[PDB]
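For reference, the chain that follows is the form deposited in one PDB entry, supplied as structure tokens.
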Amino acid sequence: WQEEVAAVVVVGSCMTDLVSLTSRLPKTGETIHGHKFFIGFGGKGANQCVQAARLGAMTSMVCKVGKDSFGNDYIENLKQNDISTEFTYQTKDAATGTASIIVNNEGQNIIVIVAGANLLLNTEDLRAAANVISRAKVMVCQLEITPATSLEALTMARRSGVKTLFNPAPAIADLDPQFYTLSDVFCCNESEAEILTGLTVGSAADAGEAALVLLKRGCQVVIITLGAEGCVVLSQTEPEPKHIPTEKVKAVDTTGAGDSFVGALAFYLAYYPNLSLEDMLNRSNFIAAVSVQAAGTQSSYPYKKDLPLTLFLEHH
């Protein structure tokens, strides 16, 4: 008997985060000593997948890691979060992707990303995932893997009528035009928006303007997250920007909040399709805001059993 399908498929990155906490950031040629080191699980794709899974989504992570200790440990992390690893591949040709992060006591950081194995996730690897993709409700992609691969995944999703949620992160100024036209929901932050559009974006009104450019490039729904100001949304049917504020909380660590938001949104798009988009975004704001109230990235992302029941009910 054919079992429950994954409703949320994430094609994207897994990165081992190698974090050192220090009291100052080093300069060229310097050695410095920090006071704490830890390994965390990151990568935009996996962050998003994990948030959606913890909310109860059945998910499948399509990604490539290394045939190495960090890749075996990432696979176990996915499984622990009840994520299908059927299309989590391993390769000996490159190490699992890494992010080396140095963070001083003011939260300023230096980051060196080596994408590694993530970049060897190829179009044949996606084709083997075709039946899972075609049965999904939502496909989520970012800009951490090879762009040809992500383009293919969005293409495959469209061909089966699967909703596409694209997060253009990290952003680049000459993004292939297809990424706008293949996105049903296009979601980025202020700094990404500024890179994509060339406009200065430092307010919800500014984000409104930038969103309109992204819409005219061929997006259907455009969401710009705004940190503690919440998010702003527009769409082809309602092109007037709608600012969706979020209640004032005292942040502990905002790292990974955007991924929390996107994963929440993927969950809602997949399991609650009749909610209004404004409702989905209020809920996604809420969930991301819970994540900013805890340290870490993925270890901050809330589970369904710790969130209020009202986040899982149909509209009042």
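For clarity, a rigid core is taken as the largest C-alpha set superposing within 1.5 Å between two forms. Residue numbers run from 1 along the displayed sequence.
Although not depicted, the form deposited in another entry is the subject of the following passage.
- With the rigid core aligned between the shown form and the other one, the listed residues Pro177, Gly198, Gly161, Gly107 include just one Cα displaced by at least 2 Å, namely that of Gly107.
- With the core held fixed between the shown form and the other one, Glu30 has its Cα displaced by at least 2 Å.
- Comparing the forms between the shown form and the other one on their rigid core, the Cα displacement of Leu307 stays under 2 Å.
- Core-superposed comparison between the shown form and the other one: CA of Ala294 displaced by less than 2 Å.
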